[PDB]
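Working notes for the structure below.
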Amino acid sequence: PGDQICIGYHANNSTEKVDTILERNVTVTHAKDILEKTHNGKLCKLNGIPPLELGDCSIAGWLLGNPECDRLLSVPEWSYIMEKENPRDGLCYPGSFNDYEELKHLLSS
Amino acid sequence: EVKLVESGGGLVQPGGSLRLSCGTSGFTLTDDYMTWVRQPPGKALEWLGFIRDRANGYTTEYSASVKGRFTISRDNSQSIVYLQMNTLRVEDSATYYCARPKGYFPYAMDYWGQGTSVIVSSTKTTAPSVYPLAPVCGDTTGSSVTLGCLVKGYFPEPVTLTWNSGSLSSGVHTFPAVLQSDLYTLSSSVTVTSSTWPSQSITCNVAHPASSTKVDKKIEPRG
Amino acid sequence: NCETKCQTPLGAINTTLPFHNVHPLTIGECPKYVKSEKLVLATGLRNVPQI
Amino acid sequence: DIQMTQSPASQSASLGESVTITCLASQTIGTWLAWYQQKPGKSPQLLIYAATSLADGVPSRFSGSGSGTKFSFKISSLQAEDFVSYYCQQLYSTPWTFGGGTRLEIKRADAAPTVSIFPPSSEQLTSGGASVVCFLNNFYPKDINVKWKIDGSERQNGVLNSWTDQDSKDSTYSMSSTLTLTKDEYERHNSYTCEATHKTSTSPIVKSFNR
Amino acid sequence: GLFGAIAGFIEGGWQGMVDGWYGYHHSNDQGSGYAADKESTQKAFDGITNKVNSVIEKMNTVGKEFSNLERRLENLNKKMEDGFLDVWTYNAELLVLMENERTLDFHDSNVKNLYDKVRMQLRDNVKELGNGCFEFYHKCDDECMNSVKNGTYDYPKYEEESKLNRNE
Amino acid sequence: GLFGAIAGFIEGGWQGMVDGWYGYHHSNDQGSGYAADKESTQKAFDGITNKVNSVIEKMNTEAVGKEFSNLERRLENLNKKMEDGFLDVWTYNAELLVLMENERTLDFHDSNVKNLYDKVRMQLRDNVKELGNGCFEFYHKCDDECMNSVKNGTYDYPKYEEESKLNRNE
Amino acid sequence: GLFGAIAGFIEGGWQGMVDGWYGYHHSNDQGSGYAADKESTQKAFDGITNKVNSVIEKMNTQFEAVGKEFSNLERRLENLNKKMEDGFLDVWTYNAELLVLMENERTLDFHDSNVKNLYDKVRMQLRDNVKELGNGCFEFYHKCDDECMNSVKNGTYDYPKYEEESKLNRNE
Ligand SMILES: *[C@@H]1O[C@H](CO)[C@@H](O[C@@H]2O[C@H](CO)[C@@H](O[C@@H]3O[C@H](CO)[C@@H](O)[C@H](O)[C@@H]3O)[C@H](O)[C@H]2NC(C)=O)[C@H](O)[C@H]1NC(C)=O
Ligand SMILES: *[C@@H]1O[C@H](CO)[C@@H](O)[C@H](O)[C@H]1NC(C)=O
Ligand SMILES: *[C@@H]1O[C@H](CO)[C@@H](O)[C@H](O)[C@H]1NC(C)=O
Ligand SMILES: *[C@@H]1O[C@H](CO)[C@@H](O)[C@H](O)[C@H]1NC(C)=O
């Protein structure tokens with residue numbers, strides 16, 4: 001009964017599971033998850049510049065100087081703008097704003 | 001890619017403490033086998049220990065030189081490996097790298113950090129005295145005149161030496177600092193040519209960020 | 001009081017990964033949004049229990 | 001634990017030549033050696049792993065060999081930027097030890113140590129100290145000696161020696177010796193002499209000055 | 001799978017081999033053990049790194065509002081964004097599956113090639129058991145085992161010695 | 001053919017074997033006949049079904065008709081270029097998927113056959129001539145119990161070992 | 001490669017086989033020489049022509065831009081046009097680079113296979129009438145004249161003809 005040499009491969013306690021075309025739920029000794037599912041859940045400054053918070057002002061409301069919106073009268077640089085879906089403080093004196101959406105796409109630049 | 005960066009080096013009283021941070025950036029396939037390796041200047045490299053990846057149990061190994069004092073830990077949240085050094089001794093003075101294998105299996109250290117230096121002494125941070133050095137009074141007979149700076153008494157290293165705002169520096173030799181009586185001494189030599197001096201005048205500039213001193217001494221002939 | 005290079009309505013992303021499933025509408029430099037619940041590359045080989 | 005003995009600690013050679021560092025293990029580490037380069041003022045860079053196996057993106061001129069205890073490392077076609085430190089490291093068992101290091105220097109035609117003397121500054125003289133400076137500049141090769149003589153007689157205490165590495169452009173070295181003493185002791189003598197023995201000249205290079 | 005080695009003729013893995021993806025086990029009178037073949041391991045790793053990299057690099061490349069008179073335009077916008085979304089999600093999910101398949105087979109192949117290398121080296125100086133093991137017809141000490149491993153094994157050296165034993 | 005078995009050293013298929021995709025043909029004194037290996041056949045089928053299931057499932061999630069005025073022409077063309085564009089994308093995807101996969105499927109079967117053959121060979125060993133046609137000639141005599149042993153892959157070597165090897169050598 | 005022939009048991013290529021992708025080197029008393037296997041070569045080339053043609057035909061029909069202009073009141077529309085043309089451009093760029101990369105991996109494996117397969121077809125004929133060295137070469141127990149060489153290369157090699165001579169030479 002003679003001397004012996006063997007070839008083989010690694011094994012470990014890995015629970016890691018991957019799918020393939022031929023086969024699903026395969027366990028592998030090592031894997032990398034490339035999809036990021038998690039976020040800090042906070043609204044944040046962006047590249048060290050804070051966003052412009054409109055609060056209850058509409059874009060229109062702020063640009064017109066709606067009285068409630070007076071706290072936005074002077075503002076510094078912004079990385080992005082934050083608007084509610086339905087801001088209370090639009091145009092107090094009722095009316096309309098033409099090309100409003102184009103003006104918003106402009107404010108985005 | 002990976003790009004390890006380390007931070008937190010300084011000067012401590014022996015018996016003291018320090019905490020070094022090696023942070024990791026980049027996409028990678030492995031956090032495992034993060035190692036600390038130090039190099040006392042002029043000496044070889046010495047392996048302090050490593051800590052492993054979460055999946056491998058956060059296990060840790062140490063050189064018996066520093067074992068029981070130093071502790072390796074990682075905060076994944078800030079994605080840093082910390083080396084917490086306690087009861088610092090004189091021979092702990094060195095520069096410190098974190099280093100890493102790229103693979104799953106540690107065959108070699110692929111990724112290094114840029115290094116950061118820690119010092120340990122009882123010596124208190126001390127400002128340098130810069131004396132300019134004038135050549136002989138017997139008049140320069142020569143094809144080239146050489147003159148230099150002497151920066152003495154400072155602790156700790158480094159000092160930064162620029163001739164004349166670095167306008168004229170080349171054909172300059174700065175010989176690294178030496179330890180004489182608990183505090184360092186440095187020096188440098190610029191060789192100009194006979195036309196260029198004293199006529200065009202040159203000055204020596206010396207920064208010691210440790211004591212905050214920045215100082216200038218222009219070199220003058222004696223007579 | 002926060003900092004990010006990437007922002008969604010749900011929150012901010014800091015990641016080294018190529019893709020995110022977190023939100024469609026994102027400002028800043030951000031990983032590719034996808035509809036996937038999971039994307040995982042196998043790197044190692046099959047784990048085959050021994051005898 | 002495990003000891004790694006790397007020789008030569010220093011080796012000189014010239015462009016295009018082939019250079020071999022050795023590394024010796026106190027145990028048998030099998031095939032777990034690795035080889036690193038350190039350029040000056042930088043972190044190490046991995047060159048070879050598994051002893052004989054080139055890391056990704058490495059010049060083919062770098063080679064490595066050996067097993068168990070005896071190990072070799074070779075730069076086949078030498079190059080300007082190759083003259084730096086190299087280290088082996090044993091990753092076989094903790095602690096993962098390193099070799100002593102190998103400094104590679106580029107071969108050069110021998111050179112003349114231009115030598116300069118510097119009596120202490122009046123600014124320094126007023127502070128109670130006196131430091132006198134000999135600068136030995138631009139000379140090959142690096143083995144050199146300096147004696148300080150005071151009124152012709154030798155002196156021991158207070159000598160500070162400092163060296164440079166091989167210069168990038170000229171491939172030559174330099175040195176500074178600072179003799180340091182009291183203002184008291186200093187004004188207490190007459191003529192001060194700095195004498196540099198180098199291989200270059202037959203006879204020692206003497207720069208002295210009085211008052 | 002494809003090359004028939006992993007979960008192949010070689011029936012299982014080695015929890016005992018911790019240093020590599022692929023390697024040797026031997027026993028002789030000098031001793032017994034696991035040894036990773038570090039070259040093949042690292043090379044495969046480099047390959048996989050290249051793979052995942054290329055997946056990242058190739059993939060590495062605001063809203064708008066509309067009025068109520070802008071129903072077709074709005075919808076055109078939506079269909080576009082959604083379209084591109086569907087396309088990229090498809091590309092990702094697919095790329096991941098296919099490359100996974102390729103990856104497993106790559107490992108299998110690596111094993112097979114290693115085994116083959118050893119076999120073709122040892123020739124008839126050994127019995128080939130078919131479990132991934134070869135039993136030697138001559139005495140193989142640690143030097144000989146390493147010679148097999150490091151690719152240098154000497155056939156003519158052990159040749160007739162193995163012969164006689166294979167025969168008797 | 002990538003693994004070199006189908007249209008390989010096995011030069012052609014067996015109309016004879018109707019019971020599965022891969023299998024055996026034995027000839028001994030009792031008789032001569034084809035037998036399928038149903039585990040291999042079924043496992044490959046399960047693999048393939050998984051494959052096509054994937055190339056279906058992935059491709060699932062359109063065209064809404066819109067109308068445009070004559071002053072709207074830029075819009076209209078944009079809209080057209082978009083729907084046409086997505087269409088060309090998905091058509092490309094489907095076509096490529098099918099070609100690529102098809103290649104993989106054939107190579108798959110090929111590998112499977114190679115694997116079956118090798119799994120036999122690494123078992124039989126010295127006990128047989130290896131004819132290079134995908135067949136093995138026996139040095140010893142194999143009863144249908146022995147054949148069946150090979151087919152389910154038990155086949156103890158020692159009991160036929162010497163009884164072969166003598167007849168081999170002399 | 002993946003099949004272990006190229007940079008495999010055959011350690012390197014031959015500069016002096018100019019007649020094809022794969023083939024034979026022989027030596028015997030009346031001489032030595034390189035000879036290509038034209039069948040398998042032309043076969044592989046046929047595969048490759050198919051491959052590139054597949055790429056080209058498949059990528060033939062796809063998205064092109066046509067020029068448009070938008071006013072200062074049209075900015076949203078303009079950005080939409082851009083984001084679209086850009087989106088398709090990006091998509092197809094991904095298709096081209098990925099398809100080339102993938103197919104390249106596959107082409108190199110393909111050849112590896114072709115060489116392997118060649119070796120295997122020769123060996124499985126030659127059988128035990130030769131030593132398999134493992135450098136990719138076979139040593140002959142029986143003397144092999146050029147007619148037998150050619151008979152190996154063209155597939156027709158007769159084992160039982162050389163069987164006894166080879167055996168004889170082998171066992172003593
Ligand atoms: C993405 O997130 C990571 C992890 O949260 C950030 O990395 C870490 O950023 C924090 C910021 O709080 C750093 O901590 C800070 O360090 C400085 C310097 O020592 C110190 O003055 C502060 O008190 C604080 O402790 C931390 O060093 C840093 N870690 C690494 C790995 O370097 C990162 O900033 C975020 N974005 C990116 C990629 O910049
Ligand atoms: C794997 O698991 C077994 C039992 O669960 C254990 O004995 C072994 O140490 C584990 N290996 C590692 C390193 O996790
Ligand atoms: C391979 O290993 C053997 C046995 O240890 C050794 O003697 C030889 O020098 C090595 N040769 C090569 C080329 O790696
Ligand atoms: C094969 O080559 C031989 C030369 O040895 C020739 O005589 C014969 O006709 C060829 N047979 C076939 C099938 O091409």
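In the structure tokens, the first chain shown is A, the next is B, and so on; residue numbers restart at 1 for each chain, and ligands run from 1 in the order shown.
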Give me, as a short mmCIF file (atom, residue, chain, number, x, y, z; two decimals) with N, CA, C and O atoms, in the first residue's frame, the residues of chain E touching chain F, with the criterion being at most 10 Å (counting only C-alpha atoms).
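The new file part_29.cif reads:
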```cif
data_model
loop_
_atom_site.label_atom_id
_atom_site.label_comp_id
_atom_site.auth_asym_id
_atom_site.auth_seq_id
_atom_site.Cartn_x
_atom_site.Cartn_y
_atom_site.Cartn_z
N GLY E 1 -20.33 19.88 -12.92
CA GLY E 1 -20.48 20.74 -14.08
C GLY E 1 -19.58 20.34 -15.22
O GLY E 1 -19.15 19.19 -15.30
N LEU E 2 -19.26 21.32 -16.07
CA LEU E 2 -18.68 21.08 -17.41
C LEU E 2 -17.42 20.21 -17.52
O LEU E 2 -17.38 19.26 -18.31
N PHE E 3 -16.39 20.54 -16.76
CA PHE E 3 -15.12 19.84 -16.87
C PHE E 3 -15.06 18.57 -16.02
O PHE E 3 -14.09 17.80 -16.07
N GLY E 4 -16.13 18.35 -15.27
CA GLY E 4 -16.33 17.12 -14.54
C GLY E 4 -15.35 16.81 -13.43
O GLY E 4 -15.11 15.64 -13.15
N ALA E 5 -14.82 17.83 -12.77
CA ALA E 5 -13.84 17.62 -11.69
C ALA E 5 -14.44 17.99 -10.32
O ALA E 5 -14.59 17.15 -9.44
N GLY E 8 -17.25 16.30 -9.40
CA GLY E 8 -16.89 15.44 -10.51
C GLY E 8 -16.32 14.15 -10.00
O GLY E 8 -16.76 13.64 -8.98
N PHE E 9 -15.37 13.62 -10.76
CA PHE E 9 -14.55 12.53 -10.27
C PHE E 9 -13.93 12.86 -8.93
O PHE E 9 -13.82 11.97 -8.08
N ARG E 72 -49.30 63.51 -23.54
CA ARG E 72 -48.45 62.70 -24.40
C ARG E 72 -46.96 62.90 -24.15
O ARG E 72 -46.18 61.96 -24.21
N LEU E 73 -46.54 64.14 -23.92
CA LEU E 73 -45.13 64.41 -23.68
C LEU E 73 -44.70 63.75 -22.39
O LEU E 73 -43.67 63.07 -22.34
N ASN E 75 -46.01 61.25 -20.83
CA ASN E 75 -45.94 59.81 -20.98
C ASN E 75 -44.74 59.37 -21.83
O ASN E 75 -44.09 58.37 -21.55
N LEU E 76 -44.43 60.13 -22.87
CA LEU E 76 -43.26 59.84 -23.66
C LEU E 76 -42.00 59.80 -22.78
O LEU E 76 -41.18 58.86 -22.88
N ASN E 77 -41.86 60.81 -21.93
CA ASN E 77 -40.79 60.85 -20.93
C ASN E 77 -40.75 59.59 -20.07
O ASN E 77 -39.68 58.94 -19.93
N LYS E 79 -42.15 56.58 -20.49
CA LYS E 79 -41.86 55.40 -21.25
C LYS E 79 -40.37 55.34 -21.55
O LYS E 79 -39.77 54.26 -21.53
N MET E 80 -39.77 56.50 -21.83
CA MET E 80 -38.33 56.47 -22.08
C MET E 80 -37.52 56.02 -20.86
O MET E 80 -36.75 55.05 -20.93
N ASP E 82 -38.39 54.52 -18.19
CA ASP E 82 -38.76 53.17 -17.82
C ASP E 82 -38.15 52.18 -18.77
O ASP E 82 -37.85 51.06 -18.39
N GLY E 83 -38.00 52.60 -20.02
CA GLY E 83 -37.49 51.74 -21.07
C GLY E 83 -36.05 51.45 -20.73
O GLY E 83 -35.64 50.29 -20.63
N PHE E 84 -35.30 52.53 -20.51
CA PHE E 84 -33.88 52.40 -20.24
C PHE E 84 -33.64 51.63 -18.97
O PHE E 84 -32.70 50.84 -18.86
N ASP E 86 -35.67 49.25 -17.71
CA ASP E 86 -35.87 47.85 -18.05
C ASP E 86 -34.66 47.25 -18.78
O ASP E 86 -34.24 46.11 -18.51
N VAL E 87 -34.08 48.03 -19.68
CA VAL E 87 -32.96 47.51 -20.46
C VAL E 87 -31.77 47.27 -19.54
O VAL E 87 -31.21 46.18 -19.54
N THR E 89 -31.65 46.91 -16.22
CA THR E 89 -31.90 45.88 -15.24
C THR E 89 -31.71 44.53 -15.90
O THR E 89 -31.03 43.65 -15.35
N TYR E 90 -32.29 44.38 -17.09
CA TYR E 90 -32.11 43.14 -17.85
C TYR E 90 -30.61 42.84 -18.03
O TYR E 90 -30.16 41.73 -17.72
N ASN E 91 -29.85 43.83 -18.49
CA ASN E 91 -28.44 43.60 -18.79
C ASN E 91 -27.69 43.14 -17.58
O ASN E 91 -26.80 42.28 -17.68
N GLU E 93 -28.96 41.74 -14.63
CA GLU E 93 -29.37 40.44 -14.12
C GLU E 93 -28.79 39.32 -14.98
O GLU E 93 -28.21 38.33 -14.47
N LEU E 94 -28.92 39.51 -16.29
CA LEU E 94 -28.40 38.55 -17.25
C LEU E 94 -26.89 38.38 -17.12
O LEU E 94 -26.40 37.26 -16.92
N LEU E 97 -26.04 36.37 -14.05
CA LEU E 97 -26.23 34.92 -14.23
C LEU E 97 -25.17 34.23 -15.11
O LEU E 97 -24.50 33.25 -14.69
N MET E 98 -25.00 34.75 -16.32
CA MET E 98 -24.11 34.13 -17.28
C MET E 98 -22.68 34.08 -16.76
O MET E 98 -22.02 33.02 -16.81
N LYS E 127 -0.37 4.31 -9.86
CA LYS E 127 -1.76 3.92 -10.09
C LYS E 127 -2.66 5.18 -10.02
O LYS E 127 -2.46 6.06 -9.16
N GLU E 128 -3.63 5.29 -10.92
CA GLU E 128 -4.55 6.42 -10.91
C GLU E 128 -5.87 5.90 -10.35
O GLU E 128 -6.61 5.20 -11.03
N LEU E 129 -6.20 6.29 -9.13
CA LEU E 129 -7.36 5.73 -8.45
C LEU E 129 -8.70 6.25 -8.99
O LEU E 129 -9.72 5.56 -8.91
N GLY E 130 -8.71 7.48 -9.52
CA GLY E 130 -9.91 8.02 -10.11
C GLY E 130 -10.76 8.81 -9.14
O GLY E 130 -11.84 9.28 -9.48
N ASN E 131 -10.28 8.95 -7.91
CA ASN E 131 -10.94 9.83 -6.95
C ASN E 131 -10.29 11.20 -6.94
O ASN E 131 -10.75 12.11 -6.25
#
```
**Request:** Write out as a count of residues only the residues lying within 8 Å of region 91-97 of chain A, counting only C-alpha atoms and excluding same-chain residues fewer than 5 positions away.
**Result:** 4
**Request:** Just list the residues in region 8-204 of chain D DSSP gives strand (DSSP E) on the backbone, as a ChimeraX atom specification.
**Result:** /D:10-13,19-25,33-38,45-49,53-54,62-67,70-75,85-90,102-106,114-118,129-139,144-150,153-155,159-163,173-182,191-198
Same residues, C-alpha atoms, output as a tab-separated table (two decimals), in the first residue's frame:
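The result, stored in again_37.tsv:
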```
chain	number	residue	atom	x	y	z
D	10	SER	CA	24.42	46.51	0.02
D	11	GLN	CA	25.45	45.80	-3.57
D	12	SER	CA	26.78	48.04	-6.32
D	13	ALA	CA	26.32	47.44	-10.04
D	19	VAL	CA	21.91	41.32	-9.79
D	20	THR	CA	21.00	38.60	-7.27
D	21	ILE	CA	19.90	39.04	-3.67
D	22	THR	CA	19.59	35.98	-1.43
D	23	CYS	CA	17.24	35.28	1.40
D	24	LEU	CA	17.65	32.52	3.94
D	25	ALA	CA	15.01	31.08	6.24
D	33	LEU	CA	8.42	33.93	0.35
D	34	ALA	CA	7.64	37.37	-1.14
D	35	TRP	CA	9.83	40.20	-2.49
D	36	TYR	CA	9.21	43.94	-2.15
D	37	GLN	CA	10.77	47.05	-3.52
D	38	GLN	CA	11.04	50.24	-1.55
D	45	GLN	CA	5.60	47.78	-3.57
D	46	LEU	CA	5.06	44.08	-4.10
D	47	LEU	CA	7.28	42.48	-6.73
D	48	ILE	CA	7.16	38.71	-6.32
D	49	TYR	CA	4.84	36.28	-4.44
D	53	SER	CA	5.83	34.10	-9.19
D	54	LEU	CA	5.55	37.67	-10.61
D	62	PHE	CA	12.32	40.74	-12.13
D	63	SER	CA	12.66	37.05	-11.12
D	64	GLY	CA	12.63	34.90	-8.03
D	65	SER	CA	13.60	31.39	-7.11
D	66	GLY	CA	14.13	28.89	-4.32
D	67	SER	CA	12.27	26.72	-1.79
D	70	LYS	CA	17.29	28.91	0.39
D	71	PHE	CA	15.85	31.69	-1.79
D	72	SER	CA	17.09	33.95	-4.58
D	73	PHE	CA	15.83	37.16	-6.24
D	74	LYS	CA	17.14	38.62	-9.47
D	75	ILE	CA	16.99	41.79	-11.51
D	85	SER	CA	15.83	48.95	-1.29
D	86	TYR	CA	14.51	45.41	-1.62
D	87	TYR	CA	13.08	43.24	1.15
D	88	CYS	CA	12.00	39.61	1.40
D	89	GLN	CA	9.10	38.64	3.67
D	90	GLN	CA	8.07	35.22	4.97
D	102	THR	CA	19.25	45.23	0.32
D	103	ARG	CA	20.47	48.64	-0.87
D	104	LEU	CA	21.33	48.80	-4.55
D	105	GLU	CA	23.86	51.42	-5.63
D	106	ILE	CA	24.89	52.41	-9.13
D	114	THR	CA	35.30	69.10	-1.95
D	115	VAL	CA	35.80	70.05	1.70
D	116	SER	CA	34.62	73.17	3.51
D	117	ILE	CA	35.27	74.59	7.05
D	118	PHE	CA	32.84	76.70	9.10
D	129	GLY	CA	27.81	77.38	22.34
D	130	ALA	CA	30.36	76.92	19.58
D	131	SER	CA	29.84	74.49	16.69
D	132	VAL	CA	32.36	74.17	13.85
D	133	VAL	CA	31.43	72.51	10.57
D	134	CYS	CA	33.25	70.37	7.98
D	135	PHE	CA	31.26	69.73	4.77
D	136	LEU	CA	32.59	66.88	2.61
D	137	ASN	CA	30.91	67.13	-0.79
D	138	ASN	CA	30.52	65.09	-4.01
D	139	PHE	CA	32.83	62.07	-3.70
D	144	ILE	CA	35.39	57.84	4.33
D	145	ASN	CA	37.01	59.06	7.57
D	146	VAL	CA	37.38	62.47	9.26
D	147	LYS	CA	39.64	63.46	12.14
D	148	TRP	CA	39.19	66.69	14.08
D	149	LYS	CA	42.44	68.22	15.31
D	150	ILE	CA	42.64	71.18	17.72
D	153	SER	CA	45.89	67.55	18.63
D	154	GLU	CA	43.06	64.99	18.17
D	155	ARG	CA	39.57	65.31	19.61
D	159	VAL	CA	31.51	65.01	16.78
D	160	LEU	CA	28.28	64.75	14.75
D	161	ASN	CA	28.41	62.89	11.48
D	162	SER	CA	25.69	62.95	8.80
D	163	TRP	CA	25.50	61.39	5.30
D	173	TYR	CA	27.77	60.97	-1.86
D	174	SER	CA	28.31	63.70	0.75
D	175	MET	CA	28.88	64.24	4.45
D	176	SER	CA	28.89	66.78	7.28
D	177	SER	CA	30.77	66.59	10.55
D	178	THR	CA	29.94	69.12	13.24
D	179	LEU	CA	32.32	69.44	16.18
D	180	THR	CA	30.37	70.90	19.12
D	181	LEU	CA	31.71	72.40	22.35
D	182	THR	CA	31.45	75.29	24.83
D	191	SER	CA	43.87	76.70	15.25
D	192	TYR	CA	41.15	74.23	14.26
D	193	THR	CA	41.71	71.46	11.69
D	194	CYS	CA	39.40	69.09	9.80
D	195	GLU	CA	41.12	66.27	7.96
D	196	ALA	CA	39.37	63.92	5.53
D	197	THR	CA	40.95	60.60	4.71
D	198	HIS	CA	39.43	59.15	1.53
```
**Item:** Coordinates-based distance that separates CA of residue 91 (chain F) from CA of residue 94 (chain G) (Å, one decimal)
**Value:**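 Those two atoms sit 15.7 Å apart.
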**Message:** Please return as a list in words the residues found within 10 Å of ligand 3, counting only C-alpha atoms and all ligand atoms.
**Reply:**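 Here is the list of contacting residues: residues 30, 31, 51, 52, 64, 65, 66, 67 and 68 of chain D; 142, 143, 144, 145, 146, 147, 148, 149, 150, 151, 152, 153 and 154 of chain E.
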Kindly export the residues of the current selection with N, CA and C atoms, as a short mmCIF file (atom, residue, chain, number, x, y, z; two decimals), in the first residue's frame.
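Once written, result-v4.cif looks like this:
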```cif
data_model
loop_
_atom_site.label_atom_id
_atom_site.label_comp_id
_atom_site.auth_asym_id
_atom_site.auth_seq_id
_atom_site.Cartn_x
_atom_site.Cartn_y
_atom_site.Cartn_z
N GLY D 30 8.75 26.64 3.02
CA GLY D 30 8.25 26.07 1.79
C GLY D 30 8.40 27.04 0.66
N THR D 31 7.27 27.44 0.09
CA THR D 31 7.27 28.37 -1.03
C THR D 31 6.48 29.62 -0.69
N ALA D 51 7.41 33.17 -3.90
CA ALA D 51 8.83 33.04 -4.20
C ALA D 51 9.19 33.24 -5.67
N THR D 52 8.62 32.42 -6.55
CA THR D 52 9.00 32.43 -7.97
C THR D 52 7.99 33.07 -8.92
N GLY D 64 12.38 35.43 -9.35
CA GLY D 64 12.63 34.90 -8.03
C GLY D 64 12.61 33.40 -8.04
N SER D 65 13.34 32.82 -7.10
CA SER D 65 13.60 31.39 -7.11
C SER D 65 13.81 30.85 -5.70
N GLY D 66 13.78 29.53 -5.58
CA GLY D 66 14.13 28.89 -4.32
C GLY D 66 12.97 28.22 -3.61
N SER D 67 13.29 27.43 -2.58
CA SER D 67 12.27 26.72 -1.79
C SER D 67 12.80 26.32 -0.43
N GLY D 68 11.89 26.09 0.52
CA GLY D 68 12.31 25.71 1.85
C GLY D 68 13.01 26.86 2.51
N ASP E 142 9.40 13.70 0.64
CA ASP E 142 9.01 15.10 0.56
C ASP E 142 9.65 15.82 -0.63
N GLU E 143 10.91 15.52 -0.96
CA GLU E 143 11.52 16.16 -2.13
C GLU E 143 10.81 15.79 -3.43
N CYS E 144 10.42 14.52 -3.51
CA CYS E 144 9.79 13.99 -4.71
C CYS E 144 8.37 14.55 -4.80
N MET E 145 7.76 14.75 -3.64
CA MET E 145 6.40 15.24 -3.60
C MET E 145 6.41 16.69 -4.04
N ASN E 146 7.41 17.42 -3.58
CA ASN E 146 7.52 18.81 -3.97
C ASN E 146 7.86 18.92 -5.45
N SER E 147 8.62 17.97 -5.95
CA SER E 147 8.98 17.95 -7.36
C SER E 147 7.76 17.73 -8.22
N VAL E 148 6.86 16.89 -7.73
CA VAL E 148 5.60 16.73 -8.42
C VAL E 148 4.86 18.05 -8.40
N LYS E 149 4.71 18.61 -7.20
CA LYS E 149 4.00 19.89 -7.02
C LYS E 149 4.57 21.07 -7.83
N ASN E 150 5.90 21.21 -7.84
CA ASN E 150 6.55 22.35 -8.50
C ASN E 150 6.85 22.05 -9.96
N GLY E 151 6.34 20.90 -10.42
CA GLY E 151 6.26 20.60 -11.84
C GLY E 151 7.47 19.91 -12.41
N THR E 152 8.42 19.56 -11.56
CA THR E 152 9.71 19.02 -11.99
C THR E 152 9.91 17.51 -11.99
N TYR E 153 8.87 16.76 -11.68
CA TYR E 153 9.02 15.37 -11.30
C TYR E 153 9.83 14.59 -12.31
N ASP E 154 10.66 13.67 -11.82
CA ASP E 154 11.59 12.92 -12.66
C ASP E 154 11.04 11.54 -12.90
#
```
**Item:** In chain A, DSSP alpha helix (DSSP H) residues written as a VMD selection string
**Value:** chain A and resid 59 to 64 100 to 107
**Message:** 6 Å from ligand 1 is the threshold here; counting only C-alpha atoms and all ligand atoms, which polymer residues fall inside it? Answer as a list in words.
**Reply:** residues 23, 24, 25, 77, 78, 79 and 80 of chain B; 14 of chain C
